[PDB]
Each structure stands twice: as structure tokens, then as C-alpha cells.
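Residue numbers (full-length UniProt numbering), protein chains in the order written: chain A, 2 to 178, 196 to 259, 289 to 316; chain B, 198 to 208, 218 to 1275; chain C, 394 to 540; chain D, 2 to 13, 40 to 90, 100 to 167.
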């Protein structure tokens, strides 16, 4: 099961805070079945990718994402540095490239004047070697389906979203710088991907503090409002069954104005 | 120890096979033992069929309740100078009665542990009738009258599942007692055998005194005692089967006779075993099973096709669109086919072929380098090929398709070399899949690549010929231009016309092959005749000296025609403008070198693959479920497979099984086209392959790990369980399955689906606990309306025609015994602790004794008795103001006072007992409020008392009336005096609860060591239960088993063997 | 019915379940009642081991709000569509350039309120054109978006 | 003589003659150990699927299936990506209904368990003593 809350979650500190109790969900047994998923990196990738694209494309991509299916990026050096990484240590070369260009990578000769290595390198493109290869200008809707289908996804840019970003080469080759799930997974950024994905009711969109989570939830309520699964705190509790200061739990009361001035009950305001 | 497996004997294993060409025995042991000293195992959950019993085969016992002792005349028996103690065969007591202990005198090697235990009726017996469905109820001494019937039916099932045993021969001893001359009395196994001789033979103790036991033994006859008949075949000097007189009961010996008749119909002979193993081996190896002539051998194996089919239907219903329960079976068949298969694969053949082909210096693109970088010959894994070979067996459960990533990206185009090689790999890989829309996918992949240069007619205005081949997966999407070749105009689309024509000619034809043996193993084939195995590929007889280029082979001919059409596509360079370089020469050379490659994989798939499939297939736990392969006939393509639980003549709500909710026939399985193509293009035999040597050496250690001899017994228990379940569920709840209406007087309720699901789950786990299983049994029948009658499986074609298969369920011994014990419970209801009729709550104060189980007719009244008010649901109570009497409402509308004879139903009191007792207690205790409460069935307990003292029953009656709650009821307390032989003084007693019909049947005798019973209830020894002793004209085989169960019946004792399944496996030249 | 305290509801729900002890007006009415009209009496099962589609129950309920919710359900059932018509509509809008697939199997049931008639589209379009009047800075981002 | 129980129950001069030899000079050509290790797993029976069935008391058994099957397929033979997948098939089947613990037997939900439902149903009417 997947449940979405309006808070920044992590696998580490959100259980020590007692986050679901801080929303009012009664899970007092501490049967540690509610596995968390850290969303620090997807909030920071959201921060980085709102620089480049429209927020409409960004949010409408990010919604349709199965957070249960594990996947991870691996980004590449540029096209004219990737061959240099293939030159030293020639053993780490995938079998897809060319038998004509593999023989020209694996030899010891310095290849200073390139008469046909120039042609084999200019006519080379990454797209026939690595199969997804998202792009630099990919219209980021398709990123999410590429990460839902596979589990390793090759890319050539930084502005990606959805998973952590691992390096293919060592750190000197660049010019731009598994998880335990136990069937009651909770964490922000809802999904419309699967049945059994739920969104937490309760707090208004008006009173969300992070303002990027608030922007996201405003869009996910302004579209898709019919097909969500809004459940109350009590329904979440029934489905289950360095202390910080300056962070108060907070509620709103719902009183009314009444007179008993003539010995009679009468509600006015 | 070794020759006893063959049967001849001198002065713990399961199967023992020995080879003939090597010194390597292979034996199987059960998986429960701690010491598996390098021996093979038995992973199948086999049930425990043969279970021996040595003790007494009775299920009724005689318990005393109130003991006493009397001055006797004769004290002991005398020798010259020795005194022998008198041992009575019956309990000497004041009141003794019959209760039910299953196996109280029973030495059992392996128990069923499904016991029915009755306390004496002074104690409580409510847990037997609250164990089943009363999971809420408060007042732990209570049970629900709505599930009395469920309790009784489950208890009778427990009785039957206990009494399934076989009897031993244990040993005899000649007697010279002066009352029993020469009768060879049987000795039980144990420390002391003289202990059981008094209780097992009631006629051995003579007539010393003047008592009921004494003149009963005087009334009995003398010769019918001990051994009656024996066999004529003996090992050593002891008989194989013997017929004895002893105490027993006709019910349990009838159940054990029926179970013996079942197993005696089941047994088989090693000659048929070795015939079966030879016919499964198919002439590559010859077995034999030598043995000595013997009769008492037993191995319960020979079963029927219908039982195999019902077990197959349950195994299909197990899956229910779960990929987890279908992955490891295809995985293990793939691993097994690889490890037996003589073929090995190396893509070094492809690399050595394409090593000489290279392309010049100024060239951008090269076709040979493109196809090597696309095929990836460095990778060495071939799972898709073996899983396709596995899925040929399980067409009907799983379907195998090619992954969508193997298709050309974004539709693809003919102007691109990579898309041409993708089409090549795909067009070779497609015919090995169990997809009926695979030729249409092979056609429309090309047509999608050919959008823009060649056109076809389309049927509607909606779709276009640039619609991808991933979508065309169901026969309502096949184009008319493909199904009729003449619609494609050869002046517009020559290449596409040729592609359609090559698909229609040279597609591989389906075929069929024989396997196993249906003569003695049976078969689980449902929609095929039970000996054939459907294949998508034609097969031939196998020889290794056939040429590699063989265009009579379907797969070699297919590779040749596909390479020829791709060469025809490349021919003119019309379909590829913008190619500024002539690639036609290198492309044609590469296509020729792919057309001419020495792959022995098509030869293998033609000849040796279906033979080893037919070898492996009968030895599987989940035997193959196949649905017919059609080539291009659209109207005969199967689409949907369902399972029916309901009957044929009943119009019942449509609960379609979950296997119907698939787009294809079964669960979709995605394979890789690349691995299938590389495995098809590269493959070789070892260079000294002898078929007889290789296949004998491969078939020996896999038949040494066979499982069919436990799988058949598991299918027995599955079929018996289904036929028991339909009888019990149709008995408890309303449906249209007729079972004989044995008990309906026990009150019940019209059970809904959750109630029937609970009851059927308890039946299931009781039978699994009985036969000692841990695997599934009848659990897929319990998800959604377990009220069913018979199983059936069916599929449909495209044109709407459905093929229905209904396996005829045979007669079943377990349900026969359950119906028999229900029939005998109809008359012997009192002995299990249940009374019929109903009760009357009313004060009777007198010095008379009449044992209120058997009341005189002056105290009872029916609905036809005049002056009796009959009530119903709408009784309302008005209070009488100003001293007038309060009134209660008649059913007829009248208001009647609290006086006279009433008739309730029990539910009327059960609704609001707290108001009713507050209104009624003083009127019952002091006034005249004799109430007859219609109950039907009720448990009961007995509180005895001394009738010569004053005694009262209002505390017991009021405690019962307070303890009656809406959800349950306690056992009804009775109060019945103690019979005495001497005369007693009379004291008054107040009795409140009496029965209405006779229930004093469980009583055995009163004052057994007395000459007569003066005061109290009188009952001598029941002469009718001991028929063959008292009646001289009764033959020894006569039982009046439906009316009254007899004790002291005629029991036949056995001594069989169970040898392991042995064979000597000889190779074939 | 779901809730934290679901025990007190069953007396309120089915008034004809109580026995009739007294000659109270409540018990007179319950004795005047008719027995067999309690709870479930119809259901629509399609798939084995799945939820029933719709039932009819004898429970306490205002017929006014029954009629209102029934007409709302009739409105949404008029708007209901199947995915096959969605597939055909998306293919015809795609002009064959983009294919879509839809399953061919007995579904459980689905409620997708999307279809309306042409009059609603015309009225909404008239209100939207009346919304954008003589302004040239509210239509500018639309043309920039299409660009 | 007594056989133990697998699952718990309700109670809970003769000289040497020239035939014999031992050096035996032969190796099995497909081998024996590899074929035995292969046929162990084929000997293994099919896994039970008791899910959706009622339990002992009366409640259902609440124990992504294609994803887990594909993951076990990738774990089996030394891979990260599997050649034999059960999700990411080209065929759309959005109407796959496996058995689920959400549904009871009789066409409803399993939000409350059936024993709790029956307990509330019979505790809706109780009757105590007068004062």
C-alpha cells in the first residue's frame, strides 16, 4: 500500500519524530511495518528541474510514478569524453558498440592523427549503444515511463527526477557538478499509478508550509480530483490496525456562539 | 532385509532402482527422517493410506455411573490348591450406560488424531457442539441451535475419518477354561494378555451367581467364540488372514470393510508397473520388476481418468492469475530440458562466420557489424529458448509472447538498416511462441515498416496500417487483407504480397505425439484424447545422419524463405533512397552467410525435442494442460478458459472464474526475441553422440526420482474430498444437489456463503489433519460460493462455440461412510448425547418414579390436545390492573391468562428470556404454567439422586432458564432416580423438566450384579444388540445395522505387506 | 457500516429485528410489521472471488434523498463510457500516428463520467468567448502556448 | 513400529564367485549429479495459494505479483535484468483480477473482519437484569 502525506519524509528521522502520530494517525503498537521512503532527493530534484521546464510538464510527469518499482539513473560523461574514458581501461566496454570501433579502442597506439578513427568517432552516436538515453531536451513526461518500465536508465543530463543519480565514470570525467518496503509504505508525492495508492485527507492545501509540496498538491487537486483516494486519519489508523523545539503540533477549533439568556438553548453564530 | 522387497523372505525405503551398466543404486526415503545418508527424497505431499490397527475395532464403550457392591454367593473359581479371581465382562454397577469413545482399546502404529470423546452423561458435553462455528458466543457452557446440525455433521465426519484403519493378525492362544474349550482366543499386543480376555469375550466367565450378567451368559450360546475361519496360505505357520469372534461394533467394521474394498480395488502388480515404465521410456531403455508369487501384497495405485481430471481442475484453479505460482514450474522444466538436452549453444559459430566479413575504410555503416552489435554474441545465456520449450506444454495456462522492446522503435521504417535487422531477428524468433496471433504480428511488423511505400486495404475509417504489432493480440483484430491473400494487389505491394504468401504457405504445421501410458497410469488430459500431446512444430523420426541443409524441415525452410525475402527487399534499392553508398553487395553477402549456417537446432527441434518432452511429461507434478494449436483458422482460435462450479440444469448467478479475465488465453509471458534467435542460429551436437547411450544415461537418474506413485494417491484424496464436500454442503444449505435427506429434525439455518465457507474450511482442515497433509487440498474451491455441485472446465473458440468437459465423479467411500453413519445416527441418536422431541417445563410433585427420559402419556400434550394454546412470534404481554390477571397473546389473537398448557418455539424464549423469566418464574414454580418448548434436538446431562430422600429441581431448572441467551443454549439438566434392587422408602420429589418422546436408549443395564430390580427403572442386558449369541438361527454374517448397531460382531483380521517400488533398468542397444 | 462505534447502529437500521415483549406502541408496531423484508435481497455477482457490483437492501432511509441520489447516479450513468470508445477516439484524433490499446476481457465494472452532448460544449464555448472580450492580453498566452 | 506424525493434530562353503567387481571403469556421459540436482526442483510441487480463502475462525487470509515473479526470475540466474518477465508485456490486460484480501466471501469488503462483524451484530441486542 502507498499513502501520501504533506511533509518531507526520510527513512531516518521521520520515525524518530513520530510523523503519523504528528498527523493524528494512531499507530501505537510500533509493529514497524510502515516503511518509509526518503524524499529529500526528489524534492531537491524538483527544485532543480523547476529551473528548466514548465511546472505543468514537471508535475504532470511526476504524478504518474510508481514509487514501489525500484529504479535508478546513471548519467554519462559527454560524447567527447566518454571515448576517453573508454580508451583507458578498455575492459569496461559494452558489447553493443562496433567490432570496428572496439578494435580501434582497445589498441595501445596513441591515435594522434585520426584518418578513419575521426570518421568512426564522428559517425558514432550514443543512441544505438545505450537504449533509453533520455536526452538533454527530452520533454520530461517520458522519463517517468522509462523509469517505471526498466530499472537502470541511461541519461546525459542533470535535470532528471524520480530516483537517485549515480555516476558512471569517476569524478574527473565531468563538467556539470534494494530499499526495504514492507507493504504499508508512506511518503509524499502521490501517485495515480496504481490502485491501492492513497492520499491523506485532513489539512487544507491553504495551510501547507513547504510551498513546493503545496504547489504540487494544488496541481494534483486541480486536476485528477475525481480519481484520488482521500482517507481520514481514522481510516489510516484502521488500515494499520536530539528532540527539536520550535515545531508545535497545531489544530483548529470549531466552536459556535450560543445564548442561554432566557433559559432556552439557541445557536446564533 | 533386501530380499523382502521382492517378497521371498529368509530367517523403510520407498523406491529402489538398480542400473545394469554401472554400479550406482538410487533409493528414495521420505523427507521426514533425520538421516538421509546420500539418498534421494520424496518432496510430494503423499497421504498416509495404509494404517494398521491391532487392538479392538469398537467405538462404543460401557461406562459405569453409580457404583455399588452386593453380597455374592460364589466368590472365586477353584483349582486343586489355587483360587482364580472372578472378572465380570461388564461393569458391575447400579446404573451403567453406553457412551462413545472412538479407539479406547486400539493399538495404532500411526494415528489419525481425529477423536470423538464422550464424557459420561453426568458430566458436560457441550464442547463437541460448540467447537465448530460458535466463535463469538459468551456463556462457555453453551451452543447455538442454529448450528446443531453443522456440529453433528462435522462430528460424524470426525467419526468416519477416525475409523479408517486396517486390522492386524497379532496372535492367538489356546484356552482350556472349563467354559471355553479349545477356542483359540486372540492375544492383544502388550504386557498382559490375560487382562483383556474378560472384556473381549463376554461368554468366557460362566454362570456362578444369580445376576443379570449371569443369566445372560446362561442365555448365550457357546461355540461362536474365538477363531471362526482362517486362510489356507501361511508364511511359516501363521495364517495371512483370519476370521474371529470378538466384541466390536457393526458400524466400525462396516466402515473398515468399505475402506478395505476401496484399497483392494486400488492395488497394482509390478508387471503392469514395468510395462508402464517401458512405455513411458519409449523404447530408449527397458525396465523389469522381478518378484516372487504372493497374494497378500498390496500397493494402492490404480486409479481412474476422472479422478486425474478432477485433480487437474483443482490444480488449474490454484493459480488464479498469480505469476508467482507459475514461474518456478516453467523455470524448472527449462533447467531440466537443458540438463538432459544433448544440444549445446555457442555464438562462436556466428562470430567465426562473420569474422571474414569486414567493410572498407571510407565507410560509415556496415551490415555485418550492425548484426553482430545487434545479436550480441558475447552474451551466453539461453533461458527464453528453454522457457518457450516449456510453454509448449502449458499453452492452456500461460501464453508466451515476445517483449515489445524487441519490436522496431516508434514503428520503425524500411529505410533503416537497424530496423531491417530487428525485423530479421523478430521474424526468425516468432514461430516458436505459443501465441495464436504470431503470424499476424509477423505480417504487421513488416507492414508498419512498409508504411509510405506499399499500401493495403483497411476495413474501417478508424485504424491505419501504421498500427503497431504489439496491439494485434486477439483474433478480432486480424485484417481481411491478411486472411484473404487476393485482396493485396501485387502491382502496389509486391514484397508485402510475397510476405503474406510465404506466411500462408511455409508456416510450421502443428502435430501430435504419444506419451506415457493411459492403460495403467490414466491421464489428466481434458480437451485432448488422453494419449496425445499437442505441438506447434511438426516432428519426424530421429536420426543424426540427416543433412544440415534440409529444406523439408519446417524451421530450415522458414529461415531460407525469410532470408530470401529480405534479399528480395534489398535487391533493387527502391525502398532505400538516400543511401549514397551501394550496400546491396555486402547486404546480400551477409544474408547469404546467414542463410547458409550450420545450426543443428532446427534438426534438434524437429527430431529430438518432442521425444524428450514426451519422456519428461508424465513424470511431472503438474501434468500438462494443453489447448489446441490452430495454424491460421481464425474461427477456431481459443480465447477464454473458464471453470464452472455450479450444476448443468440449475440457473445460477454468473460467477466467472478469474482465469477468464485475461486478454489472451492464459497469463501473458514476455520472452526475448534475441536469445531465441541466437539459440536458433547457433547450436551443435557433441561429436560422438550415440542416442541409445546418451538417452539411457539421461533417463535413468530421472526415472529414479519419479513421483507418480505418490501423485496418484494425492489425486485419490482430492477426488474423495470433493465428493465429500459436495455432500456435506448440500446437506447443510439449500441447493439442487440431491443427497437422500437423512437428518433434518436437527434444527439448522439456511446457510449463506460465509457460513458455508467456514463449515467447508473446517471440513478441509479436518481431512488434511486426518490424512496428514500440509500442501493444498480444496482451498481453491473456497474462494467464492463454496455451495457447488460438480466441477467442469471449458473454453470457447472465436466463433462462439464452447467445448464443455464434465468429469463424471465416481462413487466415494468416505462420503458413503458418512451417509451410512448419518443413517444409523437417525436411530442411534441417544448414544452421541442428543435427544429428540422436545421438553415440557412444569411442576410435578409426587412420590412416583418414572425416569423422566421416559414419561407416562398423562403428562404430555401435542398440538391436537384440546384446551392447549399455541403461540407464535407475536405474543405480547399486558399487565392486569387493579388485581386482574396479566394476559399473554395467543397466535389466534386472543389474550390468555398465565394458566394451563402452552406451546412455544425455542426462538420465542431465546429472543427476550430476560423479560420472559421475570414474568414467568413464579407462575412456573408455584402456579400452573406447564410449557412445552419445541426444540427438535438438544444436548442433555443427568443429575442422579437418592429417591429415598427429599430432593428438588428448581435450582437446576432456574439456572438453565437464566443461562439461556439469544446466541446459545446450555445442556438441559435432567433429574432421574437411582434404581435399587432392595426395596426402599419413598420420599417426595419435585420434577420440573421431562422429555416428550423416548430417549432412554443409551442405558445399558440397571443393578448388574442383582437378581432383579424392584425400585427404579428396569432394563436387563439388551438381547437385541447381541444377535449372534442369543439368536440360534442367525447366521454369523447377519447384522441389523440400520436399525440398531450390534456389538460383538464378526471381524476379519489381516496381515499384508508393502514392498518398495523396485525395478532393474536395462539399456537398449 | 464503517465507523469507530458500529454497535449502536443495528437497532436504528432495522426496526423489525426486535422481539415483542410488551404492549408498548413500538412493540405493537413491530408485531404489525412483515417479517421477510430485512437486509439483502438481491445482488449482482460477476467475477468469482471479487466484490458484488450492486445490491438492494431493506434499510431505514429517507425516500426523498434516495430519489435525489438515484437521479444523480442516473446522470453519471448517462455520462459513463467504456475504454473501447476511448481507444477509437484517441486513434481518430491521432490520425494513426499514435496507437493505444485496451483490454478485451470481462471487466469488473468501471464508472468514467466523461461523455457530454454538443449543447454543453457550445454553451461553455459561448461563455468562454464572452469571458474573453476585446482584451488581447488574455488571448496572447494561448497563441504563445500553441506556438 | 510406531510411526511419528508429520503435522500437529486436534489434540496438539560359501566362497567368492567371479561375478563381483568394484573398479567399474565408467563415467556417466550426461553425468548423474547434475541430472539429480536438476530434477530436485522439478520434483518440487507447486506452491499453495491459500489467499482469499476463509481462515479457521471465519475471516479471510490477508497474505504486485508479476513484479515479484520477475524479480525472482532475475535473482535466479545471475542478472539484474530478466529475460523472462511477467510485467512489461506488450499485451494490455487491465482486467487482471487476482484473489485479494480486500474482498470477503459474500460480495463485500473486508474492512472489518467477519468475526468482529458477527460480534457487533449479536451485541447490538443484549438484555441485562432488572435493578
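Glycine included, C-beta positions come from ideal geometry on N, C-alpha and C.
State the DSSP-derived secondary structure class of residue 882 of chain B, mapped to helix, strand or coil.
DSSP, read as helix, strand or coil, puts residue 882 of chain B in helix.
Relative to the alpha-carbon of residue 63 of chain A, which residue among A:296, A:293, A:148 has its alpha-carbon at the smallest distance?
A:148
Between the C-alpha atoms of residue 1043 of chain B and residue 1147 of chain B, what's the straight-line distance to the nearest angstrom?
16 Å
Under 7 Å, CB to CB, which of the residues in the segment 198 to 212 of chain A have a partner in chain D?
none
Spatial neighbours of residue 82 of chain D within its chain, please: CB distance less than 7 Å, with the 5 preceding and 5 following residues excluded, ordered by chain position.
Excluding residues within five positions, the ones whose Cβ falls inside 7 Å are 88.
Quick one, which residues of the segment 454 to 488 of chain C are near chain B if we go by CB-CB under 8 Å, in chain order?
481, 484, 485, 488
Examine the Cβ distances between the segment 19 to 28 of chain A and the segment 93 to 109 of chain A and report whether three or more of them are shorter than 8 Å.
no
By Cβ distance, which residues of its chain are closer than 7 Å to residue 291 of chain B, with the 5 residues on each side in sequence left out?
282
List the DSSP bridge partners of residue 392 of chain B.
In the DSSP output, where bridge partners are listed per residue, residue 392 of chain B has B:378.
Please name the residues in the segment 855 to 888 of chain B whose beta-carbon is closer than 8 Å to at least one beta-carbon of chain C, in chain order.
859, 860, 861, 862, 863, 864, 866, 867, 868, 869
Since residue 361 of chain B contacts residue 334 of chain B with CB under 8 Å, what's their CB separation in whole angstroms?
Going by Cβ atoms, the distance from residue 361 of chain B to residue 334 of chain B rounds to 6 Å, so yes, they are a contact pair.
Between B:662, B:1051, B:1029, B:589, which lies nearest to residue 1157 of chain B when the distance is taken from Cα to Cα?
B:1051
Rounded to a whole number of angstroms, what is the C-alpha to C-alpha distance between residue 778 of chain B and residue 709 of chain B?
23 Å
Which word fits residue 595 of chain B, buried or exposed, when buried means at least 16 other C-beta atoms lie within 10 angstroms of its C-beta?
Buried, since its Cβ has 16 or more Cβ neighbours within 10 Å.
If residue 158 of chain B sits next to residue 434 of chain B, beta carbons under 8 Å apart, how far is it from one beta carbon to the other, in whole angstroms?
There is no way to answer for residue 158 of chain B, as the model of chain B reaches only from 198 to 1275.
By DSSP, does residue 563 of chain B sit in helix, in strand, or in coil?
Annotated three-state conformation of residue 563 of chain B is coil, per DSSP.
If we require 3 or more residues per run, which beta strand (DSSP E) segments fall completely within the segment 568 to 620 of chain B?
604 to 608
State yes or no: is the beta carbon of residue 1130 of chain B nearer than 8 Å to at least one beta carbon in chain D?
no
Considering only residues of the segment 446 to 474 of chain C, which uninterrupted beta strand (DSSP E) runs meet the minimum length of 3 residues and lie entirely inside it, listed in chain order?
448 to 451
Step through the CB atoms of chain C and report whether any lies within less than 8 Å of the CB of residue 348 of chain B.
Judged by the 8 Å Cβ criterion, residue 348 of chain B is not in contact with chain C.
Helix, strand or coil: how does DSSP classify residue 518 of chain B here?
Helix at residue 518 of chain B.
Closer than 6 Å by C-beta to residue 444 of chain B: which residues in its own chain qualify, once you throw out the five before and the five after it? Chain order, please.
none
Could you check which residue in D:61, D:103, D:77 has the C-alpha nearest to that of residue 541 of chain B?
D:61
When burial is assigned at 16 or more other CB atoms within 10 Å of the CB, is residue 578 of chain B buried or exposed?
buried
Mark residue 128 of chain D as exposed unless 16 or more other C-beta atoms lie within 10 angstroms of its C-beta, in which case mark it buried.
buried
Is it right to say residue 391 of chain B is buried, meaning 16 or more other beta carbons lie within 10 angstroms of its own, or is it exposed?
buried
Check whether chain A comes within 8 Å of residue 674 of chain B, counting only Cβ atoms and requiring the distance to be less than that.
no
Taking 8 Å as the threshold (beta carbon to beta carbon), is residue 150 of chain A in contact with chain D?
yes
Give the residues from the segment 120 to 140 of chain D that approach chain C closer than 7 Å (Cβ to any Cβ), ordered along the chain.
128, 129, 130, 131, 133, 135, 139
Can you tell me which of the three DSSP states residue 772 of chain B falls into?
Three-state DSSP puts residue 772 of chain B in a helix.
Taking only beta-carbon positions, decide if residue 1261 of chain B is within less than 8 Å of chain D.
Not a single CB atom of chain D sits nearer than 8 Å to the CB of residue 1261 of chain B.
Tell me the rounded alpha-carbon separation between residue 507 of chain C and residue 473 of chain C.
7 Å
Taking the CB atoms as reference points, tell me whether residue 674 of chain B and residue 492 of chain C lie closer together than 8 Å.
For residue 674 of chain B and residue 492 of chain C, yes; Cβs fall inside 8 Å.
Can a CB atom of chain D be found closer than 8 Å to the CB of residue 70 of chain A?
yes
Closer than 8 Å by beta-carbon distance: list the chain C residues that pair up with residue 156 of chain D, in chain order.
399, 400, 403
Can you list, in chain order, the residues of its chain with a C-beta nearer than 8 Å to that of residue 304 of chain A? Leave out the 5 residues immediately preceding and following it.
314, 315, 316
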